[PDB]
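# Structural description and commentary
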Amino acid sequence: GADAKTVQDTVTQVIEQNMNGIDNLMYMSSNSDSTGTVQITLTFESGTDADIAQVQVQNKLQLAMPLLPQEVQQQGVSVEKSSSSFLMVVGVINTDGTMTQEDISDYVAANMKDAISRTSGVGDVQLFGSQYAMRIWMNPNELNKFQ
Amino acid sequence: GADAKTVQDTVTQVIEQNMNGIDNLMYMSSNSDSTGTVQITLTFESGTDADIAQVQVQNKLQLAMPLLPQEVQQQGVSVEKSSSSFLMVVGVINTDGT
Amino acid sequence: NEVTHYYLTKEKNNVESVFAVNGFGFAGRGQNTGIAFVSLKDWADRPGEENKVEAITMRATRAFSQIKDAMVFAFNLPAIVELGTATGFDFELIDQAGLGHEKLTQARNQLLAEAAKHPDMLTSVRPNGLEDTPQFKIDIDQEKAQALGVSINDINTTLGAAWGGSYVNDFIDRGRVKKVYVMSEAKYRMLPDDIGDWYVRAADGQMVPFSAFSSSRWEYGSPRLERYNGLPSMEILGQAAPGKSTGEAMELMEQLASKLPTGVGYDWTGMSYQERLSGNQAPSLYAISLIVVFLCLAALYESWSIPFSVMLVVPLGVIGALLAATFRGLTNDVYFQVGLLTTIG
Amino acid sequence: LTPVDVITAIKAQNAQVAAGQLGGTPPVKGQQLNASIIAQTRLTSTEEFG
Amino acid sequence: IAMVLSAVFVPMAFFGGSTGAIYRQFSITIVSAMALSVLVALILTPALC
Amino acid sequence: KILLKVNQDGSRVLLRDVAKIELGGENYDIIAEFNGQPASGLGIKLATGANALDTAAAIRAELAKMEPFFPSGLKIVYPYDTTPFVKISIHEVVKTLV
């Protein structure tokens, strides 16, 4: 729900200010988008084993955590290690076509996301849909009527 | 707070996908008891350095620690290495009985 | 969908399926960007040189230029997804004085216009950032809200829950925990006018509209912000002119860096930083290899003059490699270098 | 007056609030505009603080 | 021949940067092959001949 | 039937009278299609050190084993794959070697 101004001025600045003392940090770059996303990439020197760098980055994020707003804390901050763009993409389709894309996405998320992480050699998995969530769509007219 | 089914479906099913970023990994198994205690054990292959695995487990459970509701923040989890044999047990007694 | 239709009907014998994804993009992630993967058939069914991916991409982008509304680029994957386009660079402007946002964009525009006056040295010098876009600006009158008796926290949570959504708690559907969201109806958050359609309850049982104590206007602003090393930055791409080395363009780039307004510094990121950090070590490595080879040869023989007879045979083998490379139209890449190495060996 | 009132007033009127978007997902068919919304911004001057 | 080939191929392995990896790959894959081939030609072939 | 308010005359207005409750998604900003037909892919990222041929055959076996636990009409396609390329390249190299 926030623009670039809010996400930069409430999320990015605290993390940038509380991220000193990391060894063998070559450079960094932070991007803030109008949709409400903040992405910070820290690139280290060649040949450095990545696990200790990841754990140090996570430790600094843990130190900076309490200063962030409540909503971003509830959503969840993610720290990982980047890799190649895409290795392979598997799509799920249905010939019947009687039902919408949300059903396919929720099925793939609920019954396949956990299983794919099991095989060794997969850094992370991103999904091209949304998992089922129960939505309450308001109507202002009833709110007017019943106060 | 959570009964058998709720604590069954809210902890292990959510932390299931968190366990991805550790190589040489075999499995994980979770138990939940009526007393209110949950215990999740993670097993790797014989030869991985244990300390890096433990710290990786911690920083990867930090992925969904915010994702789970605030109830998991307050209680306080304990993650550590686990053996299977008591090394030695020393008891203390009072002969006075007072 | 027009891309999908064109691919499936004018390229039936070359492409097998098209996977179209909307809302991901590569330069941004908003609602105005999209990508599409295209896979070809089996290689056994595509004879000739007119069915290669290179022979497909330029036909696609030539036939797609007729649309004057959108910007569509069709290409094929780089050999390595991490780094590429060595002849290019990733020059960056950094703010070192806390000037603001308009000043940085104005400096970038000045640099772009002033670099546009060197067409024989710089080619395709373009930014990879999105220009400023309009947005809505709504101001709540604190004094009026206090006078009417509506708390500011209530107004903020009402607006946020209505037009931004809100995550409340979790529930179990079929043995799994799923989230619960609260949001206004789609047909009630499209236009500015229905800003006045929301009512807020006051202390004394009175409903007041938003427009009673609010104002709004339009303002231009950036939708994507970039910071380098903790300071605001604007990244600019570019390419070297054909027939000219990047080193020749480096002195030009620093000469252009020298005449910018105060408080605007420069930096290099990406492959440019790697190129600068690597330094000039190839000639030194060649010289040390030359010396080691001389010493080893003089060790194998006895006299100091005999090794020269073997040592000065290099150009005879080198001439063939360059002749073949010029005849075919090759390029000086790693395979060519190792070919020279094995031939001299 | 009391210091608690001062702290409450400072907290309430120096906060950043998200206001959502115009024409966000899921949209209604036949829409031609899509822009962001600005609600509030933290103070940036001593006179503004006064 | 073995020492000359080693002297001409080994120093390429010492290149730094991202290109250093794909250079050391080739340098090792030729140096090891040459070192083994010289030894094999020294030991095995005379008996077979 | 979530109770919201009773007013003064016992109206008993529930959540379905003031809003519409359904089961959708958290976000709608990404939509994918495959020759026009709706679909939902799965982006996979490789680890720093991992096999190409391996770690993929296990995926195939797992998908085949989970095939019975699927509704009618549900199938999988591969709009992006690299394994055949490495296979043919290795085959060509060994062919020219022999």
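Next up on the list: the sheet that holds strand β4 (residues 122-127) of chain A. Taking strand neighbours across the sheet as the criterion, the 4 strands line up as β4(A)-β6(F)-β3(A)-β7(F) in an open arrangement whose pairing is antiparallel. Each edge of the sheet is formed by a strand with only one pairing partner; in this case those strands are β4 of chain A together with β7 (74-80) of chain F. Geometrically, the sheet is characterised by an average inter-axis angle of 25° between neighbouring strands, direction not taken into account. As paired elements, strand β3 (residues 88-94) of chain A and strand β6 (residues 42-46) of chain F share 2 bridges and run antiparallel to each other.

Our next topic: the pattern of salt bridges. Residue and element names in this part refer to chain C. As enumerated under the stated definition, the model contains 12 salt bridges over all chains in all. Between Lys 259 and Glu 114 there is a salt bridge, with the nearest N and O atoms lying 3.5 Å from each other. With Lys 259 in the loop between α6 (246-257) and β15 (264-268) and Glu 114 in helix α3 (residues 102-115), the pair connects residues that are 145 residues apart, well separated along the chain. When its relative accessible area of 30% is taken as the criterion, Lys 259 is described as partly exposed.

What follows covers helix α2 (residues 18-48) of chain E. An ideal rise of 1.5 Å per residue puts 45 Å on 31 residues; α2(E) measures up with 45 Å between its terminal C-alpha atoms. Along α2(E), the helix axis deviates most sharply at E:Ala41, where the bend reaches about 35°.

Our focus in this paragraph is the interface of chain F and chain A. Contacts between chain F and chain A engage 48 residues on the former and 49 residues on the latter. For the chain F and chain A pair, buried surface summed over both sides reaches about 5000 Å², with 60% attributable to carbon and sulfur atoms. Run the count over chain F and chain A and you get 0 salt bridges. Linking chain F with chain A are 26 residue pairs in polar contact. At the level of elements, α1 (15-18), β3 (19-25), β4 (31-34), β5 (37-39), β6, α2 (57-66) and β7 of chain F are the ones that each hand at least two residues to the side of chain F that touches chain A. Split into classes, the residues belonging to the side of chain F that touches chain A amount to 28 nonpolar, 11 polar and 9 charged.

Our focus in this paragraph is the environment of F:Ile59. All names here are of chain F. Examined against the element boundaries, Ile 59 turns out to sit in helix α2. We classify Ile 59 as buried; its relative accessible area is 17%. In this structure, the C-alpha to C-alpha distance between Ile 59 and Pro 79, residues 20 residues apart in sequence, is 16 Å.

A few words now on the sheet that holds β15(C). By definition, the strands of a sheet pair up through backbone hydrogen bonds, in either a parallel or an antiparallel sense. Spatial strand order, β2(A)-β1(A)-β12(C)-β13(C)-β4(C)-β15(C): 6 strands in an open sheet with antiparallel pairing. Of all strands in the sheet, those with a lone pairing partner are β2 (37-44) of chain A together with β15 of chain C, marking the two edges. Recorded for the sheet is a direction-independent mean angle of 30° between the axes of neighbouring strands. With 8 bridges joining them, strand β1 (residues 25-33) of chain A and β2(A) adopt antiparallel strand pairing. Bridging from a neighbouring strand, A:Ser30 pairs with A:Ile40 of β2(A). On top of the sheet, α3(C) reaches β4 (91-95), β13 (231-235) and β15 of chain C; it is set at about 30° to β13(C), its chief contact.

This paragraph deals with helix α8 (residues 282-300) of chain C. Compared with the 27 Å implied by 1.5 Å per residue over 19 residues, the 27 Å span of α8(C) between its first and last C-alpha is a close match. C:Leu285, C:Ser289, C:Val293, C:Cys296, C:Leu297 and C:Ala298 are the residues of α8(C) that are buried. Buried residues in α8(C) make contact with α9 (306-311) of chain C together with α1 (2-9) of chain E.

To continue, consider the packing of aromatic side chains. Per the stated rule, a full pass over the model turns up 25 aromatic pairs over all chains. Ring centres 6.1 Å apart and planes at 35° place the aromatic pair C:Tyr167 and C:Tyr181 in the tilted group. Here the residue C:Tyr167 occupies a position in strand β7 (residues 166-172), and C:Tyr181 occupies one in strand β8 (residues 177-184), the gap between them amounting to 14 residues. Classification of C:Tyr167 as buried rests on a relative accessible area of 17%. A connected cluster of aromatic rings, assembled from ring pairs, spans A:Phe86, A:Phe128, C:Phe19, C:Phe24, C:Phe26, C:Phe37, F:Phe34 and F:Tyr80. We note C:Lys187 situated over the ring of C:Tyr188; from NZ or CZ to the ring centre the distance is 3.8 Å.

Conventions and cut-offs
Residues numbered from 1 in each chain as written, not as in the entry; some residues may be left out. Chains lettered and ligands numbered in written order. Part of a larger assembly, values for the part shown. Heavy atoms only, no water. Residues with missing side-chain atoms left out of burial classes, pairs and counts. Pairing = 2+ DSSP bridges. Helix = DSSP H or I, 4+ residues; strand = E, 2+ residues; numbered from the N terminus. Axes fitted to C-alpha atoms, helices over the stretch in contact; angles between N-to-C directions. Salt bridge = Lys/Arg side-chain N within 4 Å of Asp/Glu carboxyl O. Buried < 20%, exposed > 50% of the residue type's maximum accessible area, 1.4 Å probe, protein only. Expected span 1.5 Å × (residues − 1). Bend = angle between axes of the 7 residues up to and from the residue. Contact = heavy atoms within 4.5 Å. Buried area = accessible area lost by both parts, 1.4 Å probe. Polar contact = N/O pair within 3.5 Å; in protein donor to acceptor, adjacent residues only side chain to side chain. Nonpolar A, V, L, I, M, F, W, Y, C, P; charged D, E, K, R; others polar. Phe/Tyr/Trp six-rings, centres within 6.5 Å; stacked < 30°, edge-to-face > 60°. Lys NZ or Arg CZ within 6 Å of the ring centre and 35° of its normal.

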